[PDB]
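Before I ask anything, here is the structure I am working with.
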Amino acid sequence: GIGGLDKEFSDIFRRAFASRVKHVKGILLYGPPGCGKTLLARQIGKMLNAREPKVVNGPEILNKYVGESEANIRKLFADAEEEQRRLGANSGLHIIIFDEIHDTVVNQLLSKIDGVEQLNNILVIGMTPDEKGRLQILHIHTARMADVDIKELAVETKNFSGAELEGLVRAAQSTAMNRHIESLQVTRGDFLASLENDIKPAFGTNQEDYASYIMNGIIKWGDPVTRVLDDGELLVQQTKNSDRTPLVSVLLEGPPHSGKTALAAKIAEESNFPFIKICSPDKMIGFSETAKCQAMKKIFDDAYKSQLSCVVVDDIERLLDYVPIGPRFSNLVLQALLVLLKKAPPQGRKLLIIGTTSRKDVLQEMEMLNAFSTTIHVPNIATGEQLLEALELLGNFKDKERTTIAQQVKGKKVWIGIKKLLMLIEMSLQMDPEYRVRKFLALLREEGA
Amino acid sequence: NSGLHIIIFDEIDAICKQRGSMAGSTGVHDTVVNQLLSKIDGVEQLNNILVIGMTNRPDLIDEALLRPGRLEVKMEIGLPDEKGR
Amino acid sequence: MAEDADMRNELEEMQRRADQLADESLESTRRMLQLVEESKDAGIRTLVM
Ligand SMILES: Nc1ncnc2c1ncn2[C@@H]1O[C@H](COP(=O)(O)OP(=O)(O)OP(=O)(O)O)[C@@H](O)[C@H]1O
């Protein structure tokens with residue numbers, strides 16, 4: 001009985017056991033915490049032999065230093081070698097497992113396996129949620145002792161794992177017996193904010209933070225929004241049925257303070273893939289160029305090893321470390337990125353790489369644009385119609401005061417992007433109610449309409 | 001099963017290197033976690049007694065021995081706030 | 001490399017009984033030096049008389 005890991009369980013038993021039923025000397029597994037490591041170590045041993053001895057080895061193994069583990073490590077194997085040498089012909093298999101792995105044991109240990117004697121016919125394996133398994137953790141540990149739900153503290157698992165969850169449950173008595181002490185009526189075992197935070201430290205690899213890049217869901221203020229989105233999502237769809245374009249390169253660009261970074265996250269989330277990942281300079285701050293490129297490899301190879309996935313790279317003029325005053329940048333990072341865009345996926349895999357650009361002209365000058373394909377202009381707001389419709393979608397202003405700015409429809413013409421505007425309404429509101437709208441227009445004019 | 005019997009083992013920093021791998025080549029008994037580790041949970045779990053610890057710099061010790069079940073509890077006192085002080 | 005590590009390490013004293021108990025055997029060997037000679041003393045003078 002194994003939750004998940006069947007494809008990995010499939011291949012692992014054949015190559016070891018299918019051959020025997022030169023033979024491999026040993027197999028080793030690397031697994032993350034919370035994987036049910038010990039149960040798997042039990043099961044593979046059980047499956048091997050009916051009653052083939054299942055031997056366990058301690059974490060402390062090199063105890064008894066006076067002069068023992070040099071023997072006692074050796075003796076346990078030696079007994080297995082002893083049994084082997086006693087009767088080699090009619091087929092002897094002995095099992096020892098050493099869980100959770102200096103001078104002497106390195107050469108001795110390995111030597112024991114292949115030294116002087118053939119040493120064959122034995123194997124040793126080292127390993128370094130299952131919410132139903134976690135339910136067993138309840139019904140063995142919790143049953144030992146308005147109750148918790150049958151399932152809540154098993155599905156609230158993400159933050160923790162049962163292997164560490166053994167504190168609040170022990171304290172769970174104290175949760176209402178701590179009367180600073182005649183006895184309050186016996187308790188129910190009540191669970192109340194006894195979920196993770198009493199003892200929260202644990203390992204679950206959160207690493208999300210994807211939503212943060214988009215703080216506001218994008219609002220449709222205009223035909224251009226639907227334009228950009230449908231023009232992009234037809235691409236992400238045609239990859240699915242694609243042939244001879246496993247990579248697809250797109251560069252979408254607009255002027256600054258026009259949110260296109262969350263926008264790309266929007267188009268990528270909407271078309272749901274196995275894998276998504278986001279390359280943010282925010283993450284890699286203060287890194288050497290050769291570390292930065294390495295980072296891009298490390299994510300990008302993760303995307304390859306999925307069957308297919310899109311990824312995003314944002315704000316690359318900063319990723320490139322560009323400055324105009326005289327041009328300087330890291331060249332190798334650029335060239336790396338550029339070769340990715342022409343790098344094929346291995347046999348069948350396919351991906352969509354997209355990228356965001358404040359300024360096009362610099363890169364057009366750097367001849368990186370041809371590697372990109374089928375690019376997308378995201379405009380700034382041109383017109384007050386679109387403006388009024390935008391704040392209508394949001395609803396910052398009351399319609400009455402909204403009249404006042406409405407008084408001008410193409411009284412002036414606007415170059416504005418959404419990000420500065422969205423921050424600008426906030427200061428406008430911050431000022432006294434007579435002058436909120438008074439100042440909003442003032443600043444809309446401050447940037448020259 | 002009277003468990004009034006407790007000890008202060010202070011300054012765990014010194015007695016233990018996390019697995020003993022720290023400081024490279026060291027005496028075999030320069031660090032024994034293994035006996036006292038084995039003492040509490042190794043031979044059998046002991047429910048009669050409580051061990052206490054003080055470390056000014058925990059992070060040296062923490063990864064190996066503060067694995068849950070050896071100690072699943074870990075606590076930190078910060079300095080007082082204005083009313084605390 | 002450019003590596004210089006020059007290091008030291010400390011000693012493990014083999015349990016050499018680690019108690020004074022050695023004395024009692026040493027007391028027996030005292031007495032066999034001590035209590036033996038007067039046998040000869042009185043022996044030679046017993047032989048004189
Ligand atoms: N419909 C929309 N169009 C554009 N931006 C929007 C829209 N709705 C919300 N936003 C906001 O725009 C912001 C864009 O942030 P982003 O990282 O794209 O900045 P940016 O525009 O790329 O900045 P710059 O373009 O100057 O580098 C987001 O915080 C998001 O909340």
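All positions are counted from 1 along the displayed chain.
Structure method, as recorded: electron microscopy, 4.4 Å.
Using N, Cα and C of the backbone, Cβ positions are placed for all residues, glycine too.
Per Swiss-Prot, the feature phosphotyrosine maps to A:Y30. Sequence annotations record features per position, and here Swiss-Prot assigns ATP binding site to A:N216, A:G217, A:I218, A:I219, A:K220, A:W221, A:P256, A:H257, A:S258, A:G259, A:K260, A:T261, A:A262, A:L263. The Mg(2+) binding site annotation in Swiss-Prot covers A:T261 and is backed by experimental evidence. As annotated by Swiss-Prot, phosphoserine applies to A:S280.
Summarising the annotation, the PDB entry assigns expression tag to A:435-449.
Show me how these features fit into the shown structure, please.
Secondary structure from DSSP puts A:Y30 (phosphotyrosine) in coil.
Annotation for A:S258 (ATP binding site): spatial neighbours A:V378, A:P379, A:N380, A:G417, A:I418, A:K419, criterion Cβ-Cβ under 8 Å with sequence separation of six or more. A:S258 (ATP binding site) falls within neither a helix nor a strand when secondary structure is assigned with DSSP, and so counts as coil.
Under DSSP, A:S280 (phosphoserine) is assigned to coil, being neither helix nor strand in the three-state scheme. Sequence-distant neighbours of A:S280 (phosphoserine) (same chain, six or more apart, CB under 8 Å from its CB) are A:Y213, A:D314, A:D315, listed in sequence order.
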Near ligand 1, which of the recorded positions A:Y30, A:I218, A:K220, A:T261 are found, taking a Cβ distance under 6 A to any of its atoms?
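Cβ under 6 Å from ligand 1: A:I218, A:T261.
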At a C-beta cut-off of under 8 Å, are there same-chain residues at least 6 beyond the expression tag (A:435-449) that contact it? List them, or none.
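Residues 397, 401-402, 404-405, 408, 412-416, 420, 424-425, 427-429 contact the expression tag (A:435-449) from elsewhere in the chain.
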Just to verify: the residue among A:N216, A:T261 with the fewest other Cβ atoms within 10 Å, which of the binding-site residues is it?
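It is A:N216 that, of the binding-site residues A:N216, A:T261, has the fewest other Cβ atoms within 10 Å.
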Could you put numbers on the helix, strand and coil content of the expression tag (A:435-449), residue by residue per DSSP?
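Counting residues by DSSP class gives 11 helix, 0 strand, 4 coil.
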Would you mind listing, in sequence order, the residues at least six apart from A:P256 (ATP binding site) in the same chain with a Cβ closer than 8 Å to its Cβ?
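Looking at Cβ-Cβ distances below 8 Å from A:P256 (ATP binding site), excluding near sequence neighbours, one finds A:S358, A:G417.
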Given the binding-site residues A:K220, A:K260, which one has the fewest other C-beta atoms within 10 angstroms of its C-beta?
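Fewest other Cβ atoms within 10 Å, among the binding-site residues A:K220, A:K260, is found for A:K220.
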